[PDB]
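In the C-alpha cells that follow, a single protein chain appears in two forms: structure 1, then structure 2.
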Structure 1
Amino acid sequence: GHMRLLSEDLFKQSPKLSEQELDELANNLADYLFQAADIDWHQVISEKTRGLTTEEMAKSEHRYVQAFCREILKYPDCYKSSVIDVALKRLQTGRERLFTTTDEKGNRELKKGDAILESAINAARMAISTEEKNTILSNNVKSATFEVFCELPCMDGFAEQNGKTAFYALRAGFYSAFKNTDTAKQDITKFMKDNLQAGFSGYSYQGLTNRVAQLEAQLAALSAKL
C-alpha cells in the first residue's frame, strides 16, 4: 500500500486535500484495507493439509499452502516426530526455542520458532490473491479490514485519545458502512472519504466541541437576521 496512506498526520492533512486528491486517497485506503486484511492462517492451512503427506503438502493446488509448508519443512526438527498440526504446536510451544536448518551454502542455521511461524505465514500472505482471501473471509471481511484500519499509524492512539466510547462508535459506523455484499469496496470508500474530508473529527473531543461552537455561532448569526 502507498506511502501517503501511512502518514501519522493523515487525518490532519486529509481535509486540506482537493476533492480530487481526496477521492484518490479514499480509494487507495480502501484498496489497502482489503489487500492487507488477514485470515486465520493457523486454521485455514491446517484445514488444507491435515491428513496429507509432506510431499503432498509441497505440491498442492494452493500456492499459499505450498509457500507455507516450504518454509516449515526447512526445519525437520519442528515437524518430524499431522505434521502441520505438530509444527504449529512445537513452534508456538517452542517460541524462543532455536530450531535447526541447513543454509544454501551448507552451513548450519538456527531460527526462533516464532520467527519461523511468522515467515511461513508471511510467505502464504504473499502467495494468495485478494480474491481467494476475500472468499475465505466471507462476512468477516468487515472485522478484518477494521483490524487493518486500526493498525494504521494515523489511528495510532485513537482509543486512548478519544476514549472507548468514541472508538466503539467508530467501529459501529465502520461495520454499518457495508451495505451490499457486492458493493464492499464502494461502500467503505465512501465512509473513508466522508471521514477523511472531516479528519474523523466526528469522533474527537475537539472536533465535536468545535462543531458545537460553530453551531452556536451559526444559530446566533441566523436568529439575528430575524
Structure 2
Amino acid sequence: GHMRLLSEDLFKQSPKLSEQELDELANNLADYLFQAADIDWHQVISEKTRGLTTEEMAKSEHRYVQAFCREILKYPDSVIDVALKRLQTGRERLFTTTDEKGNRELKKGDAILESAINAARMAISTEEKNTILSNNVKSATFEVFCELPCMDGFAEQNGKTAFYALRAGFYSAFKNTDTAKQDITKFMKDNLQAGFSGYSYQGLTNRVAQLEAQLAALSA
C-alpha cells in the first residue's frame, strides 16, 4: 500500500510488522522520501537553459527543462531570469495567454508557477534529483519527511530537543551521497521497527520502565 500517509498508525503498527512489509514499508517510504523532495528550481532551470533561446530550450531534454518551458506560451518570454522576476511581481492578472481550440486568455495570471514548477517536478527523473541535490539531500529529504502525516505534531508533543535529536540522527543517517538512499532506508527501518521510541518522549518513559524492571527481576 502507498499509505505512508497514514496519519499516525504508520508509527504504531510498524512495531508490529513482519520483516516482509517492514523492509518493504521502509524501502518505499524512502523512495517516496526522495521522489517528493523539493529542488528549489529557479537556479536549476536558469543554470540548465542559458544561454539559449525561446524555441531552442523547447528543443532539448532534459524532460523537465521542456516541461517548465512549455510556459513560454503565456506570452513572449538568459531571459529566463527575466521571465521569473517579471512574473512573480504581481499576484494579479496581467500577462497574456495562448489560444488552442478556443480563447482562454485572461486567466492565470499568477500561476504561482505551480504550473511550471509542478510541471517540472512531474518531468524530472528522481535520480537526476539525487545528483543535482548532493548533500542538500539532507535538509530537503528530511523536509519532506517532516510534513508527513505521521510526523505531523512531533515537534510539540516531544519538544524542541527531541525534534533536534531526530533531525541530527537523520543527517547523520547517511554518508556519503553515494549510498544516500541505501543509508536512509536503514534509518527508517530501524526507527519503524522499534518506535519511534525516544526520540519519542513516551518511548523513553516506557524504555525506562521496562529497563528498570529487567534490572529488577534480575534477581538470580
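If you superpose the two forms and keep the largest set of C-alpha atoms that fall within 1.5 Å, you have the rigid core. Residue indices: 1-based, along structure 1.
- Only one entry in 140, 92, 129, 122 has its C-alpha moved by 2 angstroms or more between structure 1 and structure 2 when the rigid core is superposed, and that entry is 92.
- With the core superposed, residue 26 shows a C-alpha displacement below 2 Å between structure 1 and structure 2.
- A movement of the C-alpha atom of residue 48 reaching 2 angstroms or beyond is seen between structure 1 and structure 2 when the two forms are aligned on their rigid core.
- After superposition on the rigid core, displacement of the C-alpha of residue 189 between structure 1 and structure 2 stays below 2 Å.
- With the core fitted, the CA of residue 13 sits 1.1 Å away from its counterpart between structure 1 and structure 2.
- A C-alpha shift of 2.9 Å is found for residue 59 between structure 1 and structure 2, based on superposition of the rigid core.
- Core superposition places the Cα of residue 37 0.9 Å apart between structure 1 and structure 2.
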